[PDB]
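A.B. asks:
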Amino acid sequence: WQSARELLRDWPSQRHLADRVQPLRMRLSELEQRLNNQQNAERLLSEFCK
Amino acid sequence: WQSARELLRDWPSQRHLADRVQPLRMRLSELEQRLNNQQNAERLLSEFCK
Amino acid sequence: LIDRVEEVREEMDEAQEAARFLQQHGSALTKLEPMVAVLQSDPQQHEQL
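Residue numbers (UniProt numbering), protein chains in the order written: chain A, 495 to 544; chain B, 495 to 544; chain C, 891 to 939.
Here it is as structure tokens:
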């Protein structure tokens with residue numbers, strides 16, 4: 495009874511967050527492209543400093 | 495009974511989506527700077543092109 | 891130095907596992923939700939009750 499209740503408590507949350515995989519895919523793609531640009535700017539900054 | 499069941503089905507989702515606030519604040523701050531830079535670039539382009 | 895790509899990837903792992911679990915047990919969970927209350931009453935325990 496308690497385990498069934500706990501499953502029926504978690505399952506709605508699992509269904510609610512499962513649809514976010516695509517929004518997360520576009521979010522990570524933009525964020526990783528942004529991190530590549532951050533790394534490039536840090537490298538070019540450190541290169542010119544000397 | 496059906497409305498109480500529907501309400502207890504909404505409660506899991508209501509908490510999970512209410513937790514989305516802080517991640518969106520950082521997204522809003524970043525996106526706001528992007529618009530500022532877009533307008534600066536558009537303005538500077540228009541003034542030089544004139 | 892945000893380093894949030896890892897957090898977004900952990901959110902993806904949890905969300906893809908939630909989607910995979912939904913495909914694996916959705917039929918079992920949907921068939922369980924209309925009669926969950928029966929689990930509180932076991933055949934021998936009904937006499938002791």
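The C-beta atom is built at its ideal place from N, Cα and C for all residues, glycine as well.
#1: Measure the beta-carbon distance from residue 906 of chain C to residue 515 of chain A and round it to whole angstroms, keeping in mind my assumption that it falls under 8 Å.
#2: Residue 929 of chain C touches chain A at which residues, Cβ-Cβ below 7 Å?
#3: Just reading off the alpha helix (DSSP H) that residue 921 of chain C is part of, what are its end residues?
#4: Could you spell out the range, first to last residue, of the alpha helix (DSSP H) harbouring residue 537 of chain A?
#5: Going along chain A, which residues have a C-beta under 9 Å from residue 914 of chain C?
#6: Alpha carbon to alpha carbon, how far is residue 533 of chain A from residue 894 of chain C?
#7: Looking at residue 912 of chain C: is its Cβ nearer than 9 Å to the Cβ of residue 505 of chain A?
#8: So, helix, strand or coil for residue 502 of chain B, using DSSP?
#9: According to the Cβ coordinates, are residue 923 of chain C and residue 525 of chain A closer than 9 Å?
#10: Looking only at its chain, what residues have a beta carbon closer than 8 Å to the beta carbon of residue 917 of chain C, apart from the 5 residues adjacent to it on each side?
#11: Give me the residue from A:530, A:537, A:542 with the minimum Cα distance to residue 892 of chain C.
#12: Counting contacts by CB-CB distance shorter than 9 Å, is residue 904 of chain C in contact with chain A?
#13: List the residues of chain C that residue 508 of chain A touches, going by C-beta distances under 7 Å, in chain order.
#14: Using a Cβ-Cβ distance cut-off of 9 Å, determine whether residue 939 of chain C contacts chain A.
C.D. replies: A quick look at the data gives this:
#1: For the purposes of this step, residue 906 of chain C is taken as the residue at position 16 of the third sequence. For the purposes of this step, residue 515 of chain A is taken as the residue at position 21 of the first sequence. Rounded, the Cβ-Cβ distance is 6 Å, consistent with contact.
#2: As a first step, residue 929 of chain C is located in the third sequence; it is residue number 39 there, counting from the start. Neighbours of residue 929 of chain C on chain A, chain order: 495, 498.
#3: Taking the first residue of the third sequence as 1, we reach residue 921 of chain C at position 31. Annotation for residue 921 of chain C: the continuous alpha helix (DSSP H) segment containing it runs 895 to 922.
#4: Reading the first sequence from its first residue, position 43 is the one you call residue 537 of chain A. That run of the alpha helix (DSSP H) goes 515 to 543.
#5: Taking the first residue of the third sequence as 1, we reach residue 914 of chain C at position 24. What residue 914 of chain C touches in chain A: nothing, since even the nearest Cβ is about 11 Å away.
#6: Along the first sequence, read from residue 1 onward, the residue named residue 533 of chain A stands at position 39. Along the third sequence, read from residue 1 onward, the residue named residue 894 of chain C stands at position 4. For residue 533 of chain A and residue 894 of chain C, the gap between their C-alpha atoms comes out near 14 Å.
#7: Position 22 of the third sequence, counting from 1, holds the residue named residue 912 of chain C. Position 11 of the first sequence, counting from 1, holds the residue named residue 505 of chain A. Yes, these two residues count as a Cβ contact at 9 Å.
#8: Here residue 502 of chain B is taken as the residue at index 8 of the second sequence, counted from 1. Here residue 502 of chain B carries a helix assignment [DSSP, helix/strand/coil].
#9: As a working note, residue 923 of chain C is residue 33 in the third sequence. As a working note, residue 525 of chain A is residue 31 in the first sequence. No, the Cβ-Cβ distance between residue 923 of chain C and residue 525 of chain A is not below 9 Å.
#10: The residue labelled residue 917 of chain C in the question sits at position 27 within the third sequence. Closer than 8 Å at Cβ, skipping near neighbours: no residue.
#11: Working through the third sequence from its first residue, we reach residue 892 of chain C at position 2. The shortest CA-to-CA distance from residue 892 of chain C to any of A:530, A:537, A:542 is the one to A:530.
#12: By one-based count along the third sequence, residue 904 of chain C stands at place 14. With respect to chain A, the C-beta atom of residue 904 of chain C has a partner C-beta closer than 9 Å.
#13: Residue 508 of chain A sits at position 14 when you count from the first residue of the first sequence. In chain order: 908, 911, 912.
#14: Counting from 1 along the third sequence, the entry for residue 939 of chain C is found at position 49. Not flagged as an interface residue toward chain A: residue 939 of chain C, since no C-beta distance is shorter than 9 Å.
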